[PDB]
Protein chains: 2
Amino acid sequence: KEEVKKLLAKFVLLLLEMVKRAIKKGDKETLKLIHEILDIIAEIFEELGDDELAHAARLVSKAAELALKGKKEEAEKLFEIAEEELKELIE
Amino acid sequence: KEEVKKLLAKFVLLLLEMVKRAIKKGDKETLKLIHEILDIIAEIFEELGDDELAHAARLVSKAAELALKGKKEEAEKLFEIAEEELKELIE
Ligand SMILES: [Zn+2]
Ligand SMILES: [Zn+2]
């Protein structure tokens with residue numbers, strides 16, 4: 001269970017990297033697909049008993065949603081705090 | 001079933017005001033209770049078929065958790081984003 005959670009955190013970090021890559025362009029289906037994936041990941045975290053990592057996954061989902069729908073000036077701050085929390089959680 | 005969503009959004013706005021009040025007096029026993037309530041409300045929103053409102057509720061939860069831990073500068077930004085989105089969604 002511990003390794004599953006650590007590996008899912010690594011997966012969320014990779015998805016966040018891909019989200020930034022898609023935001024630096026006009027990709028609009030990648031953001032929707034990653035939002036779906038990250039929502040599933042947050043549900044898996046909340047079934048695993050962890051609630052502070054599910055919050056990180058849902059925060060990345062929120063930032064992807066924000067950048068998908070026009071406002072791409074506040075998604076960056078969400079990105080920063082999301083990476084911070086994820087890195088604190090992994091180690 | 002739409003009036004329920006509107007009233008729950010109003011309740012989440014009241015909880016946001018309560019959290020903003022509880023921050024400036026170093027509370028630690030009300031922030032955890034509000035985090036619990038807001039997580040329950042986010043689950044209700046998820047089971048009610050609304051994801052954008054659940055994201056706002058969980059954003060308020062994340063800001064409350066950040067204030068609880070000790071980080072209070074990004075918590076304010078999270079509050080602004082959640083408040084703005086709830087203000088859009090209460091109409
Ligand atoms: Zn979502
Ligand atoms: Zn929580």
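Just so it is clear: chains get the letters A, B, ... in the order the sequence lines come, proteins before strands, and each one is counted from 1. What you see below is based on every heavy atom in this structure, not just the backbone, and it leaves out hydrogens, waters and symmetry mates.
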Starting from A:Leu38, can I reach A:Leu7 by hopping between I/L/V/M/F/W/Y residues whose side chains sit under 4.5 Å apart? no

CD of B:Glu85 to CD of A:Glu65: how many Å apart, nearest 0.5 Å? 7.5 Å

Do B:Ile37 and B:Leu86 belong together in a cluster built from hydrophobic side chains that touch within less than 4.5 Å? yes

Any link between A:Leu66 and B:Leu16 through a network of hydrophobic side chains (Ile, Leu, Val, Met, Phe, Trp, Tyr) touching at under 4.5 Å? no

Straight-line distance of A:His55 NE2 to B:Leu59 CG, nearest 0.5 Å: 10.0 Å

Is chain A contacted by the side chain of B:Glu46, its backbone, both, or neither, given a heavy-atom distance below 4.5 Å? side chain

Find the distance between NZ (B:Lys62) and NZ (A:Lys62) and round it off to the nearest 0.5 Å. 15.0 Å

Would you say A:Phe79 ends up clustered with A:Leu33 if hydrophobic residues are merged whenever their side chains have heavy atoms under 4.5 Å apart, either directly or through other cluster members? no

Could you walk me through whether B:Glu88 and A:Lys71 pass the salt bridge (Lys or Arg N to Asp or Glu O under 4.0 Å) check? CA-CA 14 Å; B:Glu88 328 200 70; A:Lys71 314 144 308 294; 5.9 Å; no

Spacing of B:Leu78 atom CG and A:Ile81 atom CD1 [to the nearest 0.5 Å]: 4.5 Å

Same cluster (ILVMFWY, side-chain, under 4.5 Å), B:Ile40 and B:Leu31: yes

